[PDB]
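Enquirer: Fold the stuff below for me.
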Amino acid sequence: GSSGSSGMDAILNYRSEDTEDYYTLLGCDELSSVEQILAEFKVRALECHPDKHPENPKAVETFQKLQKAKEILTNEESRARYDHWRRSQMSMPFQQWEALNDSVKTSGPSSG
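Expert: Residues are numbered from 1 along each chain as shown. Take a look:
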């Protein structure tokens, strides 16, 4: 004989997340390696690429935060600084601090 049929697993969790964590953007952590951090950035970035979806401008943002974070992480030097700022939970955002580190002068006027 021959019979059988099953597949009632129609349960998924695609909830959203309201947070601005450079680590969340790529869904990785200190454990994740550079190679991987890039792979996810490519798929996650392409899946929401602006060029592809010219009708959806907002997308640009998602790609802007994906390319930025991916960089700050990919580089052990830049990342190292990020973590430090976290453990210190400074009042100002990493962005600001970053500038201070490089130079104690006004760097990057374009904010938005």
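Enquirer: Can you list the buried residues in stretch 97-112?
Expert: Judged by neighbour count (16 or more other Cβ atoms under 10 Å), stretch 97-112 contains these buried residues: 97-98. Backbone N, C-alpha and C define where each C-beta goes, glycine included.
Enquirer: same thing with stretch 35-48?
Expert: Neighbour-count burial for stretch 35-48 flags 37, 40-41, 44-45, 48 (criterion: 16+ other Cβ under 10 Å).
Enquirer: so what's the residue nearest the centre of the chain up against?
Expert: In the chain, the C-alpha nearest the mean C-alpha coordinate belongs to residue 25, at 2.3 Å (Cα atoms, centre = their mean). In this structure, residue 25 makes contact with 44, 65-66, 69-70, judged by Cβ atoms under 8 Å, 6 or more residues apart in numbering.
Enquirer: Quick check: nearest residue in space to it, chain neighbours excluded?
Expert: Nearest residue to residue 25, sequence neighbours excluded (Cβ to Cβ, 6 or more residues apart in numbering): residue 69, at 4.5 Å.
Enquirer: thinking again about what came up before, and the buried residues of stretch 35-48 as JSON lines, adding distance to residue 85?
Expert: Converted to JSON lines, the buried residues of stretch 35-48 look like this (distance: Cβ to Cβ, whole Å):
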{"residue": "37", "distance to residue 85": "19"}
{"residue": "40", "distance to residue 85": "23"}
{"residue": "41", "distance to residue 85": "21"}
{"residue": "44", "distance to residue 85": "24"}
{"residue": "45", "distance to residue 85": "24"}
{"residue": "48", "distance to residue 85": "27"}
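Enquirer: helix/strand/coil for the residue nearest to residue 25?
Expert: Here residue 69 is recorded as helix under DSSP: H, G, I helix; E, B strand; the rest coil.
Enquirer: Number the residues from 53 up from this point.
Expert: Okay, residue one is now 53; in that scheme the one you just asked about reads as residue 121.
Enquirer: Verify the contact between it and residue 80 for me.
Expert: No: look at residue 121 against residue 80 with Cβ atoms under 8 Å: they stay out of range, at 9.3 Å.
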